[PDB]
Structures are given as C-alpha cells and as structure tokens.
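Just the one chain here, the form deposited in one PDB entry, laid out as structure tokens.
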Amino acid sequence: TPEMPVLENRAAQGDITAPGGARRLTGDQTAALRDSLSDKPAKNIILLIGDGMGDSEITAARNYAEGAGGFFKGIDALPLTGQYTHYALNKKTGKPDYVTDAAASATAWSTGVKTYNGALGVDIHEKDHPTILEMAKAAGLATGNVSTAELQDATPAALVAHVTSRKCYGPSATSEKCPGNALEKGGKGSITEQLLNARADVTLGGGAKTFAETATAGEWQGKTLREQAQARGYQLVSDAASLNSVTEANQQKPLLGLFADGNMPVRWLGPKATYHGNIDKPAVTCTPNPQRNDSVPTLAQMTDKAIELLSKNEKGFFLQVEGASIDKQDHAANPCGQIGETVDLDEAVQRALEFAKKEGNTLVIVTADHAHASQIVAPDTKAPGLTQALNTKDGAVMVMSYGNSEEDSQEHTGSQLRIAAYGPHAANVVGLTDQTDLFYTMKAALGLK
C-alpha cells in the first residue's frame, strides 16, 4: 500500500566542523511528510512511554550513546512531532497542579479526563472512567500492557485499575488506603486484583511480590493473588526462557509475566551524581549492570513477543510499552542508570517501528508522562546540586546536573515535552496538544466508541 516513510537517517551528514557537515536533513521534507499523512484507521496501536523521558533526557542519552551528531534509530525516527501539556489537577480546587506524577498523567492519556496526583482511573470526583484498554477489549481487540516497573506502579496500572491512591497495590494496602475500593468493603479492589479482573491478553513486567497477598473478600478469598491468576486461566512465566515457550496468548490463555519481585533490574551501572562531582571527580564511562541476570528479559524482547502474540488477532490489538526506570534513575541522579534505560527503550521503539512498517496500519507513538530533573550543563559548571561528568561516544566530556531538590530524590518538572508518532492518524500529535488529546487520538484511529 502507499508506504509512509519512517525517518531513516537524521544523523549528521558528515564532518560537523565543516559547512553542511552537521546537517541532519539531506533534502526537502514537504513531499516526504506529505507521504506520512493518513487518516486511514489504525488496525493496531503501540504506545511507548519513556517514564520522565523529556527532551533533555533524550539529548543526554543520544549525546552519550550515539554522540551529539548521532541519531536514535527508534526514538528519533518517528516522522511527525509535537509538544504536549501534561499538567495535573489540584483535588480540592480542581485547579491546575503544574507538575503531575505517574498516576494522573497515565489516567490522562488513557481516559481522556484530567485528574489529581496519585489517582488511577478516576476523575477528581473519584468517579470511574473507562480506559483505552478496556474500550479496546470490548471492541474485540487484543490488549497488551508491558513495562519494566512493578506492574502495580502507576503507568501500567493506569490501564486496568481504578483507585483513589496509587499506593493501593494489592489487599493489605487497599483496605487501609482505598477503603471505598477494598474488596471486603464492597469496592472493586486493589490494583493487582483489578488487573487480574481486567484480563488483558499480554501483561509483562515485574511486581511479583504483590501477588503473595491473599484475597480477603471475594470468590478467591484465602488464596494468594497468584493462585487466583493460575486458577483463572493465566499462564505465569518468570524468565526469558519460559517467556519464549508461549505460542498462544488469548482470552482463554492470557499471559502473565512476572520477571522481578519489584522493578526489573537496570541495564547499566554507573555511580550517582554528587555535589561538585563534575569537578572533584573523574569523568564516568557507563558499564553493564552485573546484577541484572541474563534470564530477565529486556524491554525490546518483551515488546517483541507481545507484538508476535498480539498480532494474531484478526481485529487487531493495543499495546502499552513502558521504559519505567528512565524516571527512576532520574530521581536517583544516576546518569549511567538513566541513560542506559533510555537506550533500553530506544531498542524497544525500534522493534515497534519495524513492525509498524511491515503491517502498514499501525500507529506508533513515543513520549513521556512528564518532564524530569536532569540537565546537560557545561563541563566547568560549579552547581549547587548533584553533577557528574561523562565520557561520551564523541570522546568529549558531557556534564549532567540534578538540582531541583534537597530531598534525596530529584523531582519531576513541568515543562512541555515531545510526542512523536508514525502511521495512521499520526497527524494529531503535531503542534501543541494536551495529553488527554492523546486519548482521543487513539480511540478515533482505533475506531472505538
């Protein structure tokens, strides 16, 4: 069919010190872009969330990994781009809370309604709203939700659970934090419980431990959430090997991948940024993480199988893939960790585009939930916060900075950030939009009511 181009090379054209050497473009876009514009309907949609992966996160990753004139074959390759707003809401006044958390933002792009920090699937009135995933499942479409964080953490949970607070993981915490939701108290239940009820075809990530809890009320009272899964049809896999033995993954044989007690281990090791570290200490070179066992699947691997299983549905599918720890390491002021994670995601995003071009009716979207702390500063910056110099692909030093908190956790920031898309309806992310528009853009491309 009329193939929509996917940016093949936005890397520098040559000698960056020479005239025309640093150009990313080779010729005029007008035609190429025009060939990317389609209001055909998406058969499927894959949405890649780089948790806290704003433009600075992207630059620092490219800069370190592929060099300043380099180019991410996935993240940088989506043709249509824009910047979106992601403000949350103050619960009491319903006023904008300029800086959102994982909870409110996820709810935003999945239900189309703004909310307060810490909420999952509810508007500020605590009223429920159906998720893009739920709507899909009803339409007969296959659903998938992948992530490197515990499956209970906001971003993935936002598509299946409806709770007043995000801390309402499983049984124990919900009873004493989300009573109105508590199963025993007559509510729908904990995030975990609600996820198992949700029943999406493919659900992979960490968070094994919240499955150790036993239900209190309900049909499965007494038994651990784990057994309830199995008992209800769920195939349980815990490693690369078992993950590959799957062939079918459908409403009767849903796949539940629990690859870590909590979050999946980080891709790279590197010390954490320190006070004056860019000046008092040697420049860092990132290293692979010894701890991460070779049996723990990688985001791209997870993304790959999901796609392979999900693609079987004649109607189509929906898949959320999250590279969660970009944000986490960003909170930890740990460059190597964070950068490596963005790389991890780029890899997954590559795997998504590859399929996007072959199939031809897919919508690929890459973006973040919000902006974060890290900033690329000058080698000699003498800062008040946490810094650290890194040796980049170019053989140059690059200095990173964390200084928007004295609390030991570096904070999110409120800046608008990038949203790139490729395929049918990819046009709706261009210019300035709001994260809730993302929701509407998925519903309409997918032709959902």
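Note that residue numbering begins at 1 and tracks the sequence as displayed.
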- Note on the structure: Mean B factor on CA atoms, stretches 220 to 228 and 148 to 156, record says higher is 220 to 228
- Segment of higher mean CA temperature factor, 36 to 44 or 397 to 405: 36 to 44
- Query: Taking the Cα B-factors listed in the entry, which of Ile339, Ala283, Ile124, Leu78 comes out highest?
  - Reply: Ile124
- Pick out which of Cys168, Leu183, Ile132, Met302 has the highest C-alpha B-factor in the PDB entry. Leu183
- Message: Is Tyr234 in the lowest, middle or highest third of its chain when residues are ranked by C-alpha B-factor?
- Response: highest
- Is the Cα B-factor recorded for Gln29 in the lowest, middle or highest third of its chain? highest
- Going by the recorded CA B-factors, say which third of the chain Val246 sits in, lowest, middle or highest. highest
- Task: Compare the C-alpha B factor of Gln252 with those of the other modelled residues in its chain, then answer lowest, middle or highest third.
- Result: highest
- Query: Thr433: which third of its chain by C-alpha temperature factor?
  - Reply: lowest
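Same protein, other form: the form deposited with a partner chain bound, not shown, and the subject of what follows.
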- Item | Contact flag, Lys357 vs its partner chain in the deposited bound form, heavy atom cut 4.5 Å | no
- Contact test in the deposited bound form: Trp220 vs its partner chain, heavy atoms, 4.5 Å: no
- Consider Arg232 of the chain shown here, and say whether it contacts its partner chain in the deposited bound form, taking contact as heavy atoms within 4.5 Å. no
- Message: With a cut-off of 4.5 Å between heavy atoms, is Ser165 one of the residues that contacts its partner chain in the deposited bound form?
- Response: yes
- Item | Contact residue in the deposited bound form, chosen from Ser175, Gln228, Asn117, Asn361 - any heavy atom within 4.5 Å of its partner chain | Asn117
